[PDB]
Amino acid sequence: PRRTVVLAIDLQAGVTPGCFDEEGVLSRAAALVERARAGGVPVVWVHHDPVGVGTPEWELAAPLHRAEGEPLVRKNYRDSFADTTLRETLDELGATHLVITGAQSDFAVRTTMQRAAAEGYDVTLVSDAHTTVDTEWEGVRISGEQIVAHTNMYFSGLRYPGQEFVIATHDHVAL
C-alpha cells in the first residue's frame, strides 16, 4: 500500500534568501503543496532550529503557509531523521514514498534524501523545487545553479535493491 507524503525541508525565511532561482523554487514548492492538499496527500514540514527558534527567520518563507493538521518536525542537524520525530511521524502516517522539496540542496536536502533512501523509502526528488547558494572551496567556485543541477543528476541515477527513486518536476510528480 503505497502512501505518498510530501516532505518540505527547511523552507525558512532565514534560509532561502540569496538562493539560486529563489522566487521560482518557492513558488513551485507552494504549488506542489497545494496540489498535494487538493489530492489528500499529507504534507510534513521540517524546520532547522539553529536558524533561530522563536525568530522570524525560523518561520516559513513567503508565500508558504502551513495548514491545520500538517505535522511539523524540528531538527538541529542536516539529517531530518537525526534525533527528531520524523520517523515516528512518517510511521504514524504509514508513509512509504517521500516526495522531497526544500533547501538547501547540498545540505539538509542532500542529507535527508539520502538518509531516507538508506531507511528504505521510495523517494521522489522534485527537480525544480530545491535550491541553495553559490559557494567556493579549495580555490574553485561552484554556483548554486551547478549544485542544483548536479544534485538532480545524482538523484536521477540513484538505486537501492527493492526501492524506487524518481526525479520529476513539481507539476509532473505523481501524488
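When you see a residue number, it is the position in the sequence shown, counting from 1.
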Quiz item: For the stretches 111-119 and 32-40, which has the higher mean C-alpha B-factor as given in the deposited record?
Solution: 32-40
Quiz prompt | Higher-B stretch (mean Cα B-factor, as the entry records it), 83-91 or 99-107 | solution = 83-91
Quiz item: Among the chain's modelled residues, which third holds the C-alpha B-factor of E136?
Solution: middle
Quiz item: Taking the entry's C-alpha B-factors for this chain, is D10 in the lowest, middle or highest third?
Solution: lowest
Exercise. Among all modelled residues of this chain, ranked by Cα B factor, put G18 in the bottom, middle or top third, i.e. lowest, middle or highest.
Key: middle
Quiz item: Mind checking which third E57 falls in for C-alpha B-factor across the chain?
Solution: middle
Exercise. Sorting the chain's modelled residues by C-alpha B-factor, tell me whether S27 ends up in the lowest, middle or highest third.
Key: highest
